[PDB]
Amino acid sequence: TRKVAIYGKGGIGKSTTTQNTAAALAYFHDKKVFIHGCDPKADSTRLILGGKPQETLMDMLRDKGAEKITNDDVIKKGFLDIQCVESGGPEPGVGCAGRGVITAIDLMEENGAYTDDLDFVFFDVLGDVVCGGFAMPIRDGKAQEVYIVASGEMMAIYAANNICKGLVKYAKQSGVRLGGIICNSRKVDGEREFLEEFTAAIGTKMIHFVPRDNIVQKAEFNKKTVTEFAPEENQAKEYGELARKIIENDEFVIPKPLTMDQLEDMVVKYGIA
């Protein structure tokens, strides 16, 4: 089973990319996929489960209690029987925002939920801080491969670079490696050239350019991924291609993070605003 962690800044397209890739892997490549939501926003599985928001493991522990919760309560099946979990986490202000990810991954390991017949487990992880439960997939090697979603914006590549510092720290301990940067386009000029240079500099590749396409919001309105909603659309084919390149990827690196000065110089070099 390939254990894959998807990191990136808030709003960059982690859950859009993960869900669409998961649906494309199942539909176009006949793969068994599990999605484990590790983002307090807790909408990482909504489009696979056709719009019904799933109860988080933390909310169930809170209401029904530890020794009365079964795999069937926490794991729901959606499009093509893709298995879905939401870690959840405590209320803003209360304790560590990542604590639910620890409890959730611990329980899935305890209960053998990550079965040997899975082709892929995706952890959709909040990446604005790399600490607590948000770091666990990298620190404890729950995922062996990382892809970072970014775009042509300073804060997106700053977040990417920061996540890469996490990977450097835990590379020898955990065996975790960077598989690539996914460009989730924000439709800005220089974006592709910028990320080609960024990825070369940190020692990886931009594995795929995902276009910004209105079909994503049309599919969201119909409570679906693009592959489920309209598998003949170009955007479905883009996720099918991203899915292919992830299946076939053999380039896993310890990245070489940049200084703040190098990030700022590379932004002005490609006229990213």
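Start at 1 and count along the sequence shown; that's the residue number.
Comparing 206 to 214 with 62 to 70, the stretch with the higher mean C-alpha B-factor in the PDB entry is 62 to 70. The deposited model assigns a higher average Cα B-factor to 183 to 191 than to the other stretch when 145 to 153 and 183 to 191 are compared.
For the set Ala24, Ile12, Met260, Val253, the maximum C-alpha B-factor listed in the entry falls on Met260.
Remark: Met266 belongs to the middle third of its chain, ranked by C-alpha B-factor as recorded.
Residue-level temperature factors show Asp124 in the lowest third of its chain, judged at the C-alpha atom. In this PDB entry, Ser44 carries a Cα temperature factor that places it within the lowest third of its chain's modelled residues.
The entry lists a Cα temperature factor for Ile247 that places it in the middle third of the chain's modelled residues. Among all modelled residues in this chain, the alpha-carbon of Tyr158 has a temperature factor (C-alpha) in the lowest third.
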